[PDB]
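Following: one structure in structure tokens, then a few remarks.
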Amino acid sequence: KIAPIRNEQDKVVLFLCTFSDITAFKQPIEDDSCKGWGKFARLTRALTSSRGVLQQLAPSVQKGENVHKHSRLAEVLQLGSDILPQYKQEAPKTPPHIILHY
Amino acid sequence: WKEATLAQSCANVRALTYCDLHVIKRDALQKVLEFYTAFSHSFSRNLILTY
Amino acid sequence: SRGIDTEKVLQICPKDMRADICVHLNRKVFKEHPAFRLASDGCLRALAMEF
Amino acid sequence: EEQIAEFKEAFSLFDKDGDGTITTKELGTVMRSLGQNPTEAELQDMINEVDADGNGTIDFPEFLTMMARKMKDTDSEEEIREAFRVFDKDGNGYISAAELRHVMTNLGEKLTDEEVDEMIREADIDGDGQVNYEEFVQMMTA
Amino acid sequence: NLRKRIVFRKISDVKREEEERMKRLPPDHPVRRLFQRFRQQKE
């Protein structure tokens, strides 16, 4: 997933591309492996991030694919909040209805 | 230790956040590494610059 | 920094304490950077005196 | 041989049964969660071939053998690992002067104690009396 | 003399070596050649 970021001078300066692995939940494809189950175990061993607390309820349930993709995309979609500074010297603006003591 | 010559900086480096730097001069590092040849034989191979 | 001189405080202590203080102050870079994982005590101290 | 230590987390994640071996219920649960529905006899023969015991219980060596077979490590890494295995009689991954003397006597290429100590110093980089992985490989590179 | 340094052995080390020899490489050709090269260089 890609997400470019704007700039304070009304321009686009930097890109941002995020990554994830879905090897264990996709069609199994192999090129050269000792065994099919060995290749399957090798592929699943790289899915620690997805198998973690992000989708920890998957083994306890079935047909969880309808929500696993949404859960994975929810974290990535938040990157717009980090794009607010837009690679600029953002000043610590005072919150509303609070006045400086000086 | 490999170039054995000074060079011009080709780009500017600017601070972003409040950062802390640990700087070493060239002459003292060269003297220490030539003193410790055994250490340098691994320091040169293991140290890779980011830029 | 207030009214304290780091250099003066360093020079007050003798050579052994100075070297140990330098090692403690710079310990982050030695223990994190893999390039210093083959460093002997003598070379480590001779470098730490300078950083 | 020490790189396989990271497989402990993967084994624990895969073996959701918690009985020390993969259970049929756990396999069915993970199979349904992933979504694919192959033949049950296929899974039966796969788990029978994978498991050394073959009694429906999957142990650590059963997966370790498959991982080692599929690893296909580099020739130089295999050679250096075998050398380290054969020099270290204790198998603790540490090389001492007495172990060097023992292996030199066993191989028949005996050297004087001064020569052995000089070789130890040449391999030694931190000057405290230890010979490490990177020390030996750096000595071998030259 | 700080520059000059002595070589020696330990009592526990030789004792454990004697014990090990009481409880006592043929295919180690590459490392044998390694040892030969090291000895030749040291000579």
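Note on naming: chains are A, B, ... as they come in the structure tokens, residues start from 1 per chain, ligands start from 1 in the order shown.
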
Give as an MDAnalysis selection string every residue of chain D that touches chain C within 9 Å, counting only C-alpha atoms. chainID D and resid 125:128 134:135

Taking only C-alpha atoms into account, which residues of chain E are within 9 Å of chain D, as a short mmCIF file (atom, residue, chain, number, x, y, z; two decimals) with C-alpha atoms, in the first residue's frame?
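Final output, saved to iface-v7.cif:
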```
data_model
loop_
_atom_site.label_atom_id
_atom_site.label_comp_id
_atom_site.auth_asym_id
_atom_site.auth_seq_id
_atom_site.Cartn_x
_atom_site.Cartn_y
_atom_site.Cartn_z
CA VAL E 7 53.94 -18.47 28.84
CA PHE E 8 52.74 -21.18 31.21
CA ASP E 13 44.04 -27.59 33.13
CA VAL E 14 46.73 -30.28 33.12
CA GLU E 17 43.82 -33.06 30.41
CA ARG E 21 43.37 -38.72 28.15
CA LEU E 25 40.33 -35.81 13.14
CA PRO E 26 41.39 -38.53 10.64
CA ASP E 28 40.12 -33.35 9.02
CA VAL E 31 42.12 -27.92 8.85
CA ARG E 32 45.23 -30.11 8.87
CA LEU E 34 45.45 -25.00 7.75
CA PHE E 35 47.61 -26.03 10.71
CA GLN E 36 50.50 -26.86 8.39
CA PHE E 38 50.10 -21.68 10.09
CA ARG E 39 53.17 -23.59 11.32
CA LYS E 42 55.30 -19.13 12.08
#
```

Among listed residues D:47, D:137, D:123, D:10, nearest chain A (using only C-alpha atoms):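 Distance minimum relative to chain A lands on D:10.
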
Using only C-alpha atoms, determine which residues lie at most 12 Å from stretch 7-14 of chain C, disregarding the query and same-chain residues fewer than 6 positions distant; provide the list as number ranges by chain. C: 1, 20-22, 25, 49

Please identify which residues in chain A DSSP calls strand (DSSP E) from the backbone, and express them as a list in words.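 Output for chain A, strand (DSSP E) only: residues 5, 6, 12, 13 and 14 of chain A.
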
Those selected residues, please, written with C-alpha atoms and delivered as a compact mmCIF listing (two decimals), in the first residue's frame.
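Below is the file that was written, part17.txt:
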```
# COMPACT_ATOMS: atom_id res chain seq x y z
CA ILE A 5 2.80 12.92 1.75
CA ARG A 6 2.33 16.61 0.96
CA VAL A 12 4.49 16.47 -2.73
CA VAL A 13 8.04 15.65 -1.63
CA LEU A 14 8.10 12.16 -0.09
```

Residues near residue A:29, anyone? I mean within 10 Å using only C-alpha atoms, not counting same-chain ones fewer than 6 positions away, as number ranges by chain. A: 23, 36, 39-40, 43

Can I get the residues of chain B within 12 Å of chain A, each with the closest pair of atoms and their distance in Å to one decimal, using only C-alpha atoms, sorted chain first then ascending number, as a Markdown table?
```
| residue | atom | partner | partner_atom | distance |
| --- | --- | --- | --- | --- |
| B:15 | CA | A:89 | CA | 11.2 |
| B:16 | CA | A:89 | CA | 8.4 |
| B:17 | CA | A:89 | CA | 9.8 |
```

Using C-alpha atoms, can you export the residues from the last selection as a PDB file, in the first residue's frame?
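Output file again.pdb is given in full below:
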```
ATOM      1  CA  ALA B  15      19.248  18.717  12.012  1.00  0.00           C
ATOM      2  CA  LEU B  16      15.607  17.689  12.315  1.00  0.00           C
ATOM      3  CA  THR B  17      14.985  16.702  15.948  1.00  0.00           C
TER       4      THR B  17
END
```
